[PDB]
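For reference, the structure discussed in these notes is given below.
Cβ coordinates were reconstructed from backbone atoms using ideal geometry, including for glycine residues, and neighbour counts include every protein chain displayed. Just so it is clear, none of the values below were taken in a lab; they were calculated from the coordinates.
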Amino acid sequence: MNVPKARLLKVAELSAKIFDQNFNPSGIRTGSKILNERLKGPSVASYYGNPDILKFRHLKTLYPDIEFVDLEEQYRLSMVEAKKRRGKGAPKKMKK
Amino acid sequence: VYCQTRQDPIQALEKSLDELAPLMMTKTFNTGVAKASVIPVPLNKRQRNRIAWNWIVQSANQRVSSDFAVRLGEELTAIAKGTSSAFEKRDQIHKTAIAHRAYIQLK
Amino acid sequence: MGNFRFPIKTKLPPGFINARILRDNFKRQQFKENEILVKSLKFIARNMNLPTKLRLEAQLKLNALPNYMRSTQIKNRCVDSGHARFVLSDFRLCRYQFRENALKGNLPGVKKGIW
Amino acid sequence: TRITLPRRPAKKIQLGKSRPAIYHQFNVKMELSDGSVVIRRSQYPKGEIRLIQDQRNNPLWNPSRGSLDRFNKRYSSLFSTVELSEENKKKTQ
Amino acid sequence: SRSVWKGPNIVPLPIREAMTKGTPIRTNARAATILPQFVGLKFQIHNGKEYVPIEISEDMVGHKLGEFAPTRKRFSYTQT
RNA sequence: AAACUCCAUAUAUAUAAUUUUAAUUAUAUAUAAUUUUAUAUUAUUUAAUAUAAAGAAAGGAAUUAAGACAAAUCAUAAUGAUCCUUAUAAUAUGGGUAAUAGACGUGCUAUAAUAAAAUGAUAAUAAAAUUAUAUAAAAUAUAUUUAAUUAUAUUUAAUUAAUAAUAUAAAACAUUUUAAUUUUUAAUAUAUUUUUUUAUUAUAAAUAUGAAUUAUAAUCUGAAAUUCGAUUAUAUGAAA
Ligand SMILES: [Mg+2]
Ligand SMILES: [Mg+2]
Ligand SMILES: [Mg+2]
Ligand SMILES: [Mg+2]
Ligand SMILES: [Mg+2]
Ligand SMILES: [Mg+2]
Ligand SMILES: [Mg+2]
Ligand SMILES: [Mg+2]
Ligand SMILES: [Mg+2]
Ligand SMILES: [Mg+2]
Ligand SMILES: [Mg+2]
Ligand SMILES: [Mg+2]
Ligand SMILES: [Mg+2]
Ligand SMILES: [Mg+2]
Ligand SMILES: [Mg+2]
Ligand SMILES: [Mg+2]
Ligand SMILES: [Mg+2]
């Protein structure tokens, strides 16, 4: 490095001025890397899916004419009924 | 080796191998659950020279230098000139093979 | 309180719901909500140039932020099941569950690795 | 089992010939916490001592009137009262 | 915050009230750095199970509070 | 079962304005072999050996049937029966899963000279794969009087990719050094072994192996590193 240091520094400063990028000659912790990091929140939030998705409830709202049957729900209800019948139903919940 | 004795080194090594390599070995057997009756068995060329090499290596390892290559070369020169315990071991092997003459099966 | 597990009323994710999944999802939502703020607080804290009292205050604020603001708290669950081990990011699925889906042909371009 | 130094035959001090044990003692100056010097006779060879923690700087004796050091050294740029006031909310306990 | 810059670790505590009147500080922090501003304050640091009473001397100034509340019991073997 | 299949191989055709170039390539589509032919030598028209001439022609992967082991899984998930419903359901703060007498597997690093360490910029030689929840180049600063190396910080050039980055691959090979080793050194002479020789003097079981264990200081990630994380430096230098 026969070329002088001060001149190189000046050149670097000029380049920094030209572009938006900052010029930190001292090499101090400015905190630039904290803010400059792209925020990843929306992608993280979108992990499990789109919460507004069509459900069986809606398939009654959209098409009242068609008497649909949710099979799993019906099965569950039948199981509950069977439990009630044979004395294995859920105990009544405490309120206090 | 060549430097020590000015004549083709590879040829000399081959000769040494031929000399040292025991032509047969008294291979042990279980022998149908009885006495372990040993038999002389003829050797492949590689096997013959393999036996020789291990002995050569051992005899080299008794020499002084740090570098193994030097030790090896000294040993090879000694064998060319005609001095080793490897020769004695070969002789012993041959004697042991000579005992058990007709233990060979096909004959 | 009684009507909800967490402070804020968040929606349930579609498909497979689980208690752990619910917990994670809410946390992720809160992180998304309060991402910029947290970053700003962090910046204020880790500053040699700024006033020290201000940086201390920022640090205290960061410390006092809840469990659900923390990015580090987020854990990638399986979406089909609710497992949290060997969860592949390219299809948000657990190891066995991924394999099951892959063999069925559910995955967009996945197939047996024959070489 | 019992660790001991086994005794030799004792030397007979004759009656009248017993001499009092005058131990070798130096006149030692103790400067207390403040600049008050006091002379005391002492067996250890040190003409001058200056004390840090004494009665003359203890609150009990005058009611009317290096880990920490290391910490101070390596948290000096921050300058660490105002700081106490900032970081002392007494709601949670 | 371990690194000398950014340090030291600080947590909110009921410090000033303890300083005024000797009321021990029940910490469940265990990762708060001890400071010069609380030497001679009584702390009651959490141990997982039970809060542990400690009077912070001047030798403790650099350390964490959790370092003085040992969580696991001292191991032994039942020689049977 | 074999075969079709995939990878890899050989050949052909197509495409790529040979700056996204690596055409010595990539990728679609074919063809190719579970190779063929002939002379002989043994055993009975064939089958093994050998020889020859024709060919690029030589592997790996996936696929592991029926039954069985009441083999493993109700902790991927789901469901039967059964039990809990102010609790065996739900949330927070900390602790634990990392505890340590002996024991048992798997590994890693070692115990030095057919083997370890310094160095090697017209930068000796690869492949496969990753980079919008990023990959981070050059360069400056400190550790460190030059600088390089290694590690951090400073700050983001380029590219979301046959285009840029991760990334000058490493052993190799070459010079140098290497205690145990008076199998070396350094003072004299010595000389047609001179990075060396000879003579005479003095040079008197763990190292210039190993890297466990610990002390202090820094750095990194994170809101947080005490229990309980990862680096770097200066010391520490067990066992073997
Ligand atoms: Mg995580
Ligand atoms: Mg080209
Ligand atoms: Mg098959
Ligand atoms: Mg089967
Ligand atoms: Mg079973
Ligand atoms: Mg069973
Ligand atoms: Mg069940
Ligand atoms: Mg179970
Ligand atoms: Mg379940
Ligand atoms: Mg509960
Ligand atoms: Mg474990
Ligand atoms: Mg070695
Ligand atoms: Mg190179
Ligand atoms: Mg660089
Ligand atoms: Mg490139
Ligand atoms: Mg060493
Ligand atoms: Mg030892």
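Treating the beta-carbon of each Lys and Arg as +1 and of each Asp and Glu as -1, no other charges, what is the dipole magnitude of region C:19-104 about its Cα centre, to the nearest 20 debye?
On the way: 19 positive and 7 negative charges, 37 e Å.
Roughly 180 debye for region C:19-104.
Amide H to amide H, which residues 5 or more places from C:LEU107 or on other chains are under 5 Å from it, using H placed in the peptide plane?
C:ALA102
Roughly what percent of Cα-Cα pairs across the protein assembly as shown reach past 43 Å?
Details: 77252 of 120295 pairs.
For the protein assembly as shown, the fraction of Cα-Cα distances above 43 Å is 64 percent.
Which FRET efficiency value, to the nearest 0.05, is calculated for B:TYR103 and B:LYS15 with the Förster distance at 45 angstrom and r the Cβ-Cβ distance?
Calculated value: 0.90.
For the charge dipole of chain C, defined by +1 on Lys and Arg C-beta atoms and -1 on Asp and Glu C-beta atoms about the Cα centroid, which residue among C:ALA64, C:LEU41, C:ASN25 has the Cα displaced farthest towards the positive pole?
Checked the options; the winner is C:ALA64.
Could you tell me how far the Cα centroid of region D:10-69 sits from the Cα centroid of region E:8-67, in Å?
Spelled out, the Cα-based centre of one part sits 38 Å from the other.
Just to confirm my numbers, what's the Cα centroid distance between region C:20-83 and region B:48-107 in Å?
77
With label points built 7 Å along Cα→Cβ from the Cα atoms of C:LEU37 and D:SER67, find their separation and express it in nm.
3.7
Cα gyration tensor of region D:24-90, axes a ≥ b ≥ c as square roots of the eigenvalues: rounded (a/c below 1.5), prolate (a/b > b/c) or oblate?
Values: a/c = 4.38, a/b = 2.19, b/c = 2.00.
Note, shape of region D:24-90 comes out prolate.
Give me the percent of Cα-Cα pairs in chain B that sit more than 16 Å apart, rounded to a whole number.
Tail of the P(r) past 16 Å holds 63 percent of the pairs.
Mind listing the lone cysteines of the protein assembly as shown, meaning no other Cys beta-carbon sits under 4.7 Å from theirs?
Taking the Cβ cut-off of 4.7 Å, the unpaired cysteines of the protein assembly as shown are B:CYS3.
Write out the trypsin sites (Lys or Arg not before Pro) in region E:1-48 meeting two conditions: DSSP loop, and at most 12 other Cβ atoms within 10 Å of their Cβ.
Details: sites: E:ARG2, E:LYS6, E:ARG16, E:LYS21, E:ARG26, E:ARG30, E:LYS42; in loops: E:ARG2, E:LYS6, E:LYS21, E:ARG26, E:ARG30.
Hits after loop and neighbour filter: E:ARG2, E:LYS21.
With a ≥ b ≥ c taken as the square roots of the eigenvalues of the C-alpha gyration tensor of region C:19-104, please select rounded if a/c is under 1.5 and otherwise prolate if a/b is larger than b/c or oblate if it is not?
Judged from the Cα gyration tensor, region C:19-104 comes out prolate (a/c at least 1.5, a/b above b/c).
In nm, what is the difference between 0.36 nm times the number of residues separating E:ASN28 and E:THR80 and their Cα-Cα distance?
Working: separation 52, 0.36 × 52 = 18.72 nm, distance 3.86 nm.
Here the answer is 14.9 nm.
If I histogram all Cα-Cα distances within chain E using bins 10 Å wide from 0, what percent of pairs lands in each bin?
17, 46, 24, 8, 4, 1
Note down the net charge around C:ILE44, summing +1 for each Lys or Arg and -1 for each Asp or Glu among other residues with Cβ under 9 Å from its Cβ.
Values: positive: C:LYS42, C:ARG46, C:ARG55, C:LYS61; negative: C:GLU57.
Residues near C:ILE44 contribute +3 overall.
Name the residues whose placed amide hydrogens come within less than 5 Å of the amide hydrogen of D:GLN93, ignoring near sequence neighbours (fewer than 5 apart) on the same chain.
Excluding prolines and chain starts, which carry no amide H, there are no hits.
Run the reach check for A:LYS10 against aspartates and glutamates, Cα to Cα strictly under 20 Å, same-chain hits fewer than 8 apart removed. What comes back?
Here the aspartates and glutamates satisfying the reach criterion relative to A:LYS10 are A:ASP20.
What are the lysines whose alpha-carbon lies under 27 Å from the alpha-carbon of B:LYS35, with same-chain residues fewer than 8 places away excluded?
Cα-Cα hits under 27 Å: B:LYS27, B:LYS89, B:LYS95, B:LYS107.
Compute the FRET efficiency between C:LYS111 and D:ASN57 as 1/(1 + (r/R0)^6), taking r as their Cβ-Cβ distance and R0 = 60 Å, and round to the nearest 0.05. Could you put the intermediate results ahead of the total?
Working: r = 83 Å, r/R0 = 1.39.
For C:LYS111 and D:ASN57, the calculated efficiency is 0.10.
Quick one: of A:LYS33/C:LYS9; C:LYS39/D:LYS89; A:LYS17/D:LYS73; A:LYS55/A:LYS88; C:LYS32/D:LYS89; C:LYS75/E:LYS42, which pairs are farther than 27 Å apart, Cα to Cα?
Working: A:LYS33/C:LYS9 33 Å; C:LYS39/D:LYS89 24 Å; A:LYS17/D:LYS73 38 Å; A:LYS55/A:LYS88 31 Å; C:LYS32/D:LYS89 29 Å; C:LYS75/E:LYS42 38 Å.
From the list (A:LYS33/C:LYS9; C:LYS39/D:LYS89; A:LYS17/D:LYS73; A:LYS55/A:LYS88; C:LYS32/D:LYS89; C:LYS75/E:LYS42), the Cα-Cα distance tops 27 Å for A:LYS33/C:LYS9; A:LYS17/D:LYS73; A:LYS55/A:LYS88; C:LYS32/D:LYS89; C:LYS75/E:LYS42.
Which residues' amide hydrogens lie under 5 Å from the amide hydrogen of E:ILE25, considering only partners 5 or more residues apart or on another chain, with H built in the peptide plane?
Hits under the 5 Å cutoff: E:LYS42, E:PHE43, E:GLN44.
Would you mind giving the average projected area, over all directions, of the Cα convex hull of chain A in nm² with one decimal?
Working: hull surface 72.3 nm².
That works out to 18.1 nm².
Applying the Karplus parametrisation 6.51 cos²θ - 1.76 cosθ + 1.60 with θ = phi - 60° to the phi angles of region C:70-75, what ³J(HN,Hα) value in whole Hz is obtained for each residue in order, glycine and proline being reported as x?
Couplings: 7, 5, 4, 5, 6, 10 Hz.
Between C:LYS9 and A:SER15, how many nm apart are label points set 7 Å from Cα along the C-beta direction?
5.7
Hey, rough spin-label estimate for B:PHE29 and C:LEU103, points 7 angstrom out along Cα→Cβ, what's it come to in nanometres?
5.3
Could you derive backbone 3J(HN,Hα) for region C:28-38 from the dihedral phi with the Karplus parameters 6.51, -1.76 and 1.60 (θ = phi - 60°), listing whole Hz in sequence and x where the residue is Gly or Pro?
Per-residue couplings from phi come out as 4, 4, 5, 4, 4, 4, 10, 9, 3, 4, 4 Hz.
Tell me which of B:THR5, B:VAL70, B:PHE29 sits at the most positive position along the dipole axis of chain B, charges placed on C-beta atoms (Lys, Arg +1; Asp, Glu -1).
Most positive-ward Cα: B:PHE29.
Can you put D:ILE49, B:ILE51 in order of Cβ neighbours within 10 angstrom, beginning with the fewest?
On the way: D:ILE49 13, B:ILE51 20.
Result, fewest neighbours first: D:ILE49, B:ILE51.
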